[PDB]
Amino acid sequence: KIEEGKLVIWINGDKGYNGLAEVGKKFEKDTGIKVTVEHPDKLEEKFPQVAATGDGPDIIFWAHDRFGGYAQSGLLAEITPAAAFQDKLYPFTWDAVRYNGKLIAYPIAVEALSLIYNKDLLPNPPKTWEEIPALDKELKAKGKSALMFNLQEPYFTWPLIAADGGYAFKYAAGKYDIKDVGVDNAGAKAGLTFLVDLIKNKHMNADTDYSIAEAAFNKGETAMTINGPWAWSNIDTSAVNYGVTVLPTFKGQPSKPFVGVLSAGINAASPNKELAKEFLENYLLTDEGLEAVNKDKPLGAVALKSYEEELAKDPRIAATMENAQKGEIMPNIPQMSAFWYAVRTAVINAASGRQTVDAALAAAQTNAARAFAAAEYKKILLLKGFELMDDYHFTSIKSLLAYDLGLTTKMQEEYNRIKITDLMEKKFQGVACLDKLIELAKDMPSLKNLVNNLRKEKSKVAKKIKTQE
């Protein structure tokens, strides 16, 4: 149901989608192929849901960390550029889009967070995180604040969590150990404790989000923010004179941002794969194509060598790359989505006071390190739960799940057992989806045997996890 003879492109709303649309208009004039750029609200999650049914955009843009999961799910076409084209982009950017030996997207640009500071409020910005409480107290006396940044997305807190030792999945001997997670080690706990202490002491508010922090910095209300290159053009438009610099150190160690490569994947369901390749290789990944996007919202350090030679002269790009070199390339492994979910929960719960730092990170550690087992829990839920109950009992469960899963009346009537299994596991990660069905079915007498077996399947998996760990 993707239309043949047209290109639909999805890219996140913080990127230069109007510039990308200009590249699309040029393509349409040359080829007669309409190009429509959209930026739907929850892109990285709408795509895997609609693409799994054969729908969605021809081309999907996101940082490379989500792409290995998309590839494992059969959502992406293999990328096979000629050697001459491969030579046009930096090898480490191709590495970010290589998964299981094959290229699964075109790399576009390299993103890392930097410290952005107001040069008039703060000519000499702090070198350490530890200086920020005293700096905030100074600025509060002048009706200003020291620092505001998005606390709702763990991407922005990760550099501080990683500074003294936190890590996602351990990398050694050229491979990631998806069972060695570094979310609850001493360094991670120290970094998140520092952040939570900033909030407890009223140097930041737990509810600060992207929009609040951007407006506060761009209006001159806060002296510093933490953001990526896409944010610079809105600061240019503002009255604020800003610098982009190395992130503060923590316990004398650099902040370690997770480095993202904005990447463009081709939907395996697209009937326009040849046109998508033409657009990406010969329109976007040219000096003129990247310039059109970059002039809208800066891309960062682009993957195209010819254009990066120009951008590298910008001290904001030098600062981006200095922070990138102190950080780490994100894994692209399929477990990244579950890792980010677990860490998002931990940061939000610790910052808001719903959990201590220790308990929040302990749970995130467990959740991320058991993410490998998510497919097996889903299989148990589908094969030993839903497929073993008649339509009547399935409908009753759908009724009980409707509030939490957002099921309308039509959805309750039409959704099959596979769709419900998928929705449940997204809402109740891993083992929680199986616990949920047990909880709902425990008091239906005709499902007594079904529930008994679900409990044994649940223990059986926990045993295999306890054996393999």
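Note that residue numbering begins at 1 and tracks the sequence as displayed.
- When 19-27 is weighed against 446-454, 446-454 comes out higher, by mean CA B-factor as recorded in the entry.
- When 100-108 is weighed against 119-127, 119-127 comes out higher, by mean CA B-factor as recorded in the entry.
- Across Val302, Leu285, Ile235, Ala141, the greatest Cα temperature factor reported in the deposited entry is at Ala141.
- Looking at the C-alpha B-factors along this chain, the one for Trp62 belongs to the lowest third.
- Among all modelled residues in this chain, the alpha-carbon of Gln72 has a temperature factor (C-alpha) in the highest third.
- Ranked by C-alpha B-factor against the other modelled residues of its chain, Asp177 falls in the highest third.
- The PDB entry assigns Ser114 a C-alpha temperature factor belonging to the lowest third of its chain's modelled residues.
- Residue-level temperature factors show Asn332 in the middle third of its chain, judged at the C-alpha atom.
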